[PDB]
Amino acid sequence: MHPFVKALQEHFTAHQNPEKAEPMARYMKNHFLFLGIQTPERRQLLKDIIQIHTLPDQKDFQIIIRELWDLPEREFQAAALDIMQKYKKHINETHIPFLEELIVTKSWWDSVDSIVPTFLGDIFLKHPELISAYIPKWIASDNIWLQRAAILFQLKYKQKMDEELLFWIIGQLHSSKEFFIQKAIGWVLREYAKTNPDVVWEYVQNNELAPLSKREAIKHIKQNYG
């Protein structure tokens, strides 16, 4: 175990709050143990360890993240994503398999909704020619979190949205009965409707979607149509 990770584990554990850990763990449907440390203090505790030990060398970067990913309490995956932000400008196409592995390990919406729109979205914005090397596999996978990755990687693209691709992806997954797929479709359409509401409205009025997906997509624009 890297010294940075041991120090972070000791420091988090010394500030654990079992009273808060119970509702925090219930909120994530008891997929994970929690220490009970909410985000403001969790980020201060991480800042303390970086100040003392310095940020790990880039050569250890994936190893540090993997070690944190393997620890039981969910705050360690959250801190791992905070650490990944510190290397953001260096994340590139060679890291897609590493991000895939993070998506399919200790999976839930909290980690995936951080990994995908920020880290993957930025990679594919610079390297759109790589989208077709990953997105078809992700849609076909049995893994709902990779399917959600295919939906959400363009979430914050605004005028760089590839509309044909977005609608093709949604069409491939529109029959899913999985809540997290139906809701991801609703989210990405709702978000894109902040940039181009007319196209989203016409899409949902003319293509099949789960009721949840349609409702979530138009809940902030429907008052402007009809």
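In case it trips you up, residue 1 is the first one in the sequence shown, and so on.
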### Message
Please compare 19-27 with 198-206 and name the stretch with the higher mean C-alpha B-factor in the deposited structure.
### Response
198-206
#### Entry: Between 182-190 and 44-52 (mean CA B-factor, as deposited), the higher
44-52
### Summary
The largest CA temperature factor among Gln154, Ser111, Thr94, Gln147 is found at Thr94
## Note on the structure
Chain-relative C-alpha B factor for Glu101 (record values, thirds): the middle
### Message
Sorting by Cα B-factor within the chain, modelled residues only, which third would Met84 end up in: lowest, middle or highest?
### Response
middle
### Task
Relative to the other modelled residues of the same chain, rank the CA B-factor of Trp69 and answer lowest, middle or highest third.
middle
### Task
Could you say whether, by C-alpha temperature factor, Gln62 belongs to the lowest, middle or highest third of its chain?
highest
### Entry-reported Cα temperature factor of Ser176, expressed as the chain third it lands in
middle
